[PDB]
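Before any questions on binding or motion, here is one chain by itself as C-alpha cells, the form solved without the ligand.
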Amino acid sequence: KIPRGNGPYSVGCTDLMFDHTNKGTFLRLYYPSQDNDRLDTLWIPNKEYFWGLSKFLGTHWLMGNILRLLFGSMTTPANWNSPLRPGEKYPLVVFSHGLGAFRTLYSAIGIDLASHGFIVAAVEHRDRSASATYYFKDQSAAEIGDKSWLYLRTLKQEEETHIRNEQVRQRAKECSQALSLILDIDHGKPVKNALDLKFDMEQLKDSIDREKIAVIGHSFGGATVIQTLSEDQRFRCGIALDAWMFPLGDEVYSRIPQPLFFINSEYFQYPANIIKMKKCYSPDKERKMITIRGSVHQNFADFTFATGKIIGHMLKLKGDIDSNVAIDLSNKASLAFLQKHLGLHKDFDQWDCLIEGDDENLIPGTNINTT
C-alpha cells in the first residue's frame, strides 16, 4: 500500500486535460478535500499504461497484460473527485515524472503534500518520455472518448544528447503551461475538462495562493525542475528528487536564481551527475543537498510500495531503508524547504534540520567523491 498523507487535511484526487490535443495540458490533481468518504483513486487507470511499461522494460507487450493482472486494480489513498476543501488559499506544486513513468506514479508524494495543504499538479508529459500518455485528435474524438495513445520513444545512442535536451525543454514548457492553466482556473476562466469527470473546476476559483508556486520532480523530472526554474520566474523554488542531469544544456547552469534543493538516493548517484549538480552552485544562490542512507532511485516513486520487501529489493524498487521511512524524510525535508522559500505560515520548520541532513538516516550533501 501507498501510504496515506501524514498531514491534517484529507486528500482528494482528479484528472484535468485541457485542451484535448497533444499540445494541451494533462495533469493529475491532488488537493485538500472537504470530504473523506469517496472511493479511493485507481492507481494506473488504463490498460495502455501497462503496455507502455512493458516497452520501457524492453519486454514483449504480453508482459504488459501480466502487469495489468498484478497491478490493474490497485488504488492509492485519495478520495476520487471529492469536493475541494473550501475557505483557504493553497500553495501550488507542479510535479514532473521520470522517464518511462507517467502522471499517476508519484501519489505517495502528491498525497502527502496535499495532506499538508498544497494543491499538487502532476503533469503528464507528451515528449515521448512517458511510458504512455493519451489525448484526442480533434473535438469529435474528445466527445466520443476516442483516445489516441503515444508511447515511449526508444533512442539510438547517437540521438541521446540531442533528443533528451529537446525533451527537457518541452517538459519545462509543459510545466509552465500547466501553471498558467491552473492560475487561469484560479481566476475563474471557464475550462471544459476534456475528460468527463464529476469534479467541477470552478471550485478551484480563488483557491490558489498565487505567488506560492514550486516545481518538484524525480530523475528526468529533476532535470525538468531545473530547466523550468531557469525559464519561468513564476516558480519560486525547486526540489530535484534524485535528478538525472544529462538532459540539461550547458547554458542552464548559471541561469537558476531560485532556491534549489537536491534530495538524492545513496545508490543512484555518480560523479558525472554530482558534478553537474555542483555547476548549479554560486555564492549568491541558495542550494541544499541531502542523501537518504540506504536508498535507491526508485524510493521516490510509487512502485517502491507495490511489491513485498523481498521481491522489491530484488527488482531494485526498494533499498536497505524502509520505503515509508525514506519517503517520510524526503517529504518532510521538502515541506521545510518549501515553507522557507515560499514563506508559508505553517509548522513545517519543525523539519528544518532535515534540510541540513541532520538525521540518523541522512547524509549531509553527498556520499559521492568527485576528485
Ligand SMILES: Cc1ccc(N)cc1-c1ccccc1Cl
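Residue indices: 1-based, along the sequence shown.
Quick note: we don't show the form deposited with the ligand bound, though the next part is all about it.
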Which of 30-38, 339-347, 51-59, 326-334 sits within 4.5 Å of the ligand in the entry with it bound, heavy atom basis = 51-59
request  = Using heavy atoms only and a 4.5 Å cut-off, determine which of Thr133, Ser115, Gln298, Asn79 is in contact with the ligand in the entry with it bound.
outcome  = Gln298
query = If you check in the entry with it bound, is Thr307 within 4.5 Å of the ligand, heavy atoms only?
reply = yes
request  = Determine whether any heavy atom of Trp43 comes within 4.5 Å of a heavy atom of the ligand in the entry with it bound, and answer yes or no.
outcome  = yes
inquiry  = Under a 4.5 Å heavy atom criterion, is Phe71 part of the interface with the ligand in the entry with it bound?
reply    = yes
ask   = Could you tell me if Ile321 has a non-hydrogen atom within 4.5 Å of the ligand in the entry with it bound?
value = no
